[PDB]
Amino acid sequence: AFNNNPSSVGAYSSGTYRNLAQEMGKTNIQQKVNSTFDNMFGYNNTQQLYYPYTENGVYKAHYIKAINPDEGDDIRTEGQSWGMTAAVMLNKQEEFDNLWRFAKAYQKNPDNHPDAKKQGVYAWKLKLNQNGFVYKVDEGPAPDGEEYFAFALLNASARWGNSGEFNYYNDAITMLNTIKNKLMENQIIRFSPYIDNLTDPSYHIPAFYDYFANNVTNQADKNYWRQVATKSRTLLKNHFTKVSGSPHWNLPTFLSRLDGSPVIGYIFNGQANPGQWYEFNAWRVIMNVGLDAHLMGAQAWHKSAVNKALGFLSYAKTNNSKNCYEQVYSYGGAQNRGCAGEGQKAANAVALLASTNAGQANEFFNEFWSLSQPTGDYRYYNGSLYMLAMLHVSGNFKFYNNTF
């Protein structure tokens, strides 16, 4: 049965990881997790997201392919870092190393870039040119990519050691220093180096910062990361207070000010969507709240955030002609951008680690567990989130501390 009373003591402290799928009465859980990885990382061109990169017939590295029928396939730091995270959780070292080799060689902006704000950050969008060779489309970062790279590398160090191709630990500390020096404003993760008073709630993963604090050696840096953790929980608490009731109707938004206020409308040239939309990025917020509750303990704010958001989506489904909740809402109104696909259902299943409503849990968990693994033209984002969720709901998303 679903545990509707999640502990205030996290798995990171206790060592006790929940297996949500087992609580929900499912069978062949580990088999399904393993097949999900094998299909995503297999050469089947069906579920596959992991592809080799060669130059003049010489093997170089691997990437997660952001398949895109509208604008041409590209390669993103979020997908790359999420792939590495999946690989370390399942002890898949070659896959990890092949992805990290690609990131460090081809995504990393040089440390002596003429723009100091780009030095050592990871270019969010690459493509292969007409002759098949990789190039940077946009050098600007997507800072949750760096966050997941640092997380994944610290875990690789802890599981595998640092004497092979990579000194994972040194690579992780370098990544942490880059985040602190290039991607933070007053200890809150940035949306952009070039815009102040701006964050993306989906980039806030408080438990990662607590993990960082426990994996750096010096006192000042331990305190720094513990403060980022506390400030991140404050940002999310404040954002969830601000989106409660009218006018945002309990869903978090794409962009926020540093006090948690949703950004209204457009604020910069190049912005993809209005700031107050619950859209593709915002899907991840309650996934992150579930992660935090599981790993670091559930408090009243985690439970309220997820219960009210899932409550809104359930309500929105009852008021939809297609009998689905949709991918994009603004001020509680459906924006006609399609029924929820696999990745949104996946994010919402992870959120259940902070839920106190067994009925909600049944509905949202079964809607996720009944899905086939993503295929076709939209499988990059759907399939990436599906993989992460499979780990989180099977007790496989764990923190592996380094020893000093």
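Counting begins at 1, following the sequence as shown.
Higher average CA B factor: 70-78, of the stretches 326-334 and 70-78. The stretch with the higher mean CA B factor, choosing between 250-258 and 214-222, is 214-222.
For the set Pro141, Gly270, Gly275, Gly120, the PDB entry assigns the largest Cα B-factor to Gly270. The entry lists a Cα temperature factor for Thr16 that places it in the highest third of the chain's modelled residues.
For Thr85, the recorded CA B-factor ranks within the lowest third of the chain. Only modelled residues enter the ranking. Remark: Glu165 belongs to the highest third of its chain, ranked by C-alpha B-factor as recorded. Among all modelled residues in this chain, the alpha-carbon of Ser321 has a temperature factor (C-alpha) in the highest third.
When the modelled residues of the chain are ordered by their C-alpha B factor, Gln22 lands in the highest third.
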